[PDB]
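Protein chains in written order, with this note's numbering: chain A, 1246 to 1391; chain B, 1246 to 1391. For reference, the structure discussed in these notes is given below.
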Ligand SMILES: [Mg+2]
Ligand SMILES: [Sm+3]
Ligand SMILES: [Sm+3]
Ligand SMILES: [Sm+3]
């Protein structure tokens, strides 16, 4: 089955931000790497923990399994790697349920790939800002179409 | 049999670089994926060939057969999966002959595992820079000791 590429990982890290020192996120959840909140080598993330970029990649691939599974489950048409990598980035952000209900998905499964790419741009709001995710969506759309 | 793990493949792809569109290496050899120069789907690698990340990983797993075979034929002591994955990365780089004559091998076969790990750091020179591979060797050593 398909898998995220090295370029896909690099681009996703850029979009998400990578933090090699543990921190408490805006909700209070200990986090490290690229959004990793689960255990790291058998222990909970905690103040003072540091990891390498390569460990951060390892953890991110573990945390992307639900994303890759969702694409495998939901998408029934061919994807090139750039399309796949872009979708990984979108889905990692908006979540599986949002993607399952999305125009991106519906258009993809009709093989309207340009329309699916354009539908990335709908996923632009966060909180009280109607367009804060639009620059990310544009970069993902560009990758999808590349 | 022991074989490279998915973690081992990810880490090796990081060290080597992945190209999903065919290119000519610095010597002029058509290459794709992670150092693949043989045919892909029955055709010679050539300008215009594209592949997926899944393909790239499956090609790499097959291209590593000489590495896996070198470990089986030369290493006389047990290896855990992290050790194995780190060895694959070193050997894929320096080649079978270099590994056969190495301090890494000698120390490994004496069951001097820490000294074997440390001896990775000897394989640091390339061209006119005496340490340019040292960061890679340190990362592989860290994987070995993990
Ligand atoms: Mg063999
Ligand atoms: Sm396959
Ligand atoms: Sm899985
Ligand atoms: Sm705004």
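All C-beta atoms, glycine included, are put in the ideal place defined by N, C-alpha and C.
Verify the contact flag: residue i, CB atom, against every heavy atom of ligand 1, threshold strictly below 6 Å.
i	result
residue 1307/B	no
residue 1317/B	yes
Does any heavy atom of ligand 4 sit closer than 6 Å to the C-beta of residue i?
i	result
residue 1377/A	yes
residue 1314/B	no
residue 1374/B	no
Is the distance from the Cβ of residue i to the Cβ of residue j below 7 Å?
i	j	result
residue 1337/A	residue 1312/A	yes
residue 1388/A	residue 1365/A	no
residue 1330/A	residue 1280/A	no
residue 1295/B	residue 1266/B	yes
residue 1362/B	residue 1386/B	yes
residue 1315/A	residue 1284/A	no
Ends of the alpha helix (DSSP H) at residue i?
i	result
residue 1306/A	1298-1308
residue 1258/A	1251-1261
residue 1347/B	Neither: residue 1347/B is in no alpha helix (DSSP H) and is coded neither H nor E.
residue 1389/B	1379-1390
residue 1334/A	1326-1339
residue 1359/A	1358-1364
Using a Cβ-based criterion (distance less than 6 Å to any ligand heavy atom), does residue i qualify as near ligand 3?
i	result
residue 1326/B	no
residue 1310/A	yes
From what residue to what residue does the beta strand (DSSP E) around residue i run?
i	result
residue 1275/B	1275-1278
residue 1264/B	1264-1269
Which residues in the same chain have their Cβ closer than 7 Å to the Cβ of residue i, if we skip the five residues on either side of it in sequence?
i	result
residue 1368/B	1335, 1339, 1378 and 1382
residue 1282/B	1274, 1275, 1276 and 1290
residue 1390/A	1362
residue 1309/B	1249, 1333 and 1337
residue 1395/B	Given that chain B is displayed from residue 1246 to residue 1391, the structure contains no residue 1395/B and the question cannot be resolved.
residue 1348/A	1364 and 1367
Leaving out the 5 sequence neighbours to the left and right, which residues in its chain are closer than 6 Å to residue i when beta-carbon positions are compared?
i	result
residue 1360/A	1352
residue 1326/A	1250
residue 1247/A	1329
residue 1356/B	1322
Return yes when at least one heavy atom of ligand 5 lies under 6 Å from the C-beta of residue i, else no.
i	result
residue 1248/A	The model depicted lacks ligand 5 and carries ligand 1, ligand 2, ligand 3 and ligand 4 instead.
Please return the same chain residues whose Cβ sits closer than 8 Å to the Cβ of residue i, not counting the five positions on each side in sequence.
i	result
residue 1258/B	1279, 1301, 1302 and 1305
residue 1376/B	1369 and 1370
Open item on the list: Using a strict less-than 6 Å threshold between each residue's beta carbon and the heavy atoms of ligand 2, what residues do you get?
Closed with: 1299/B and 1303/B
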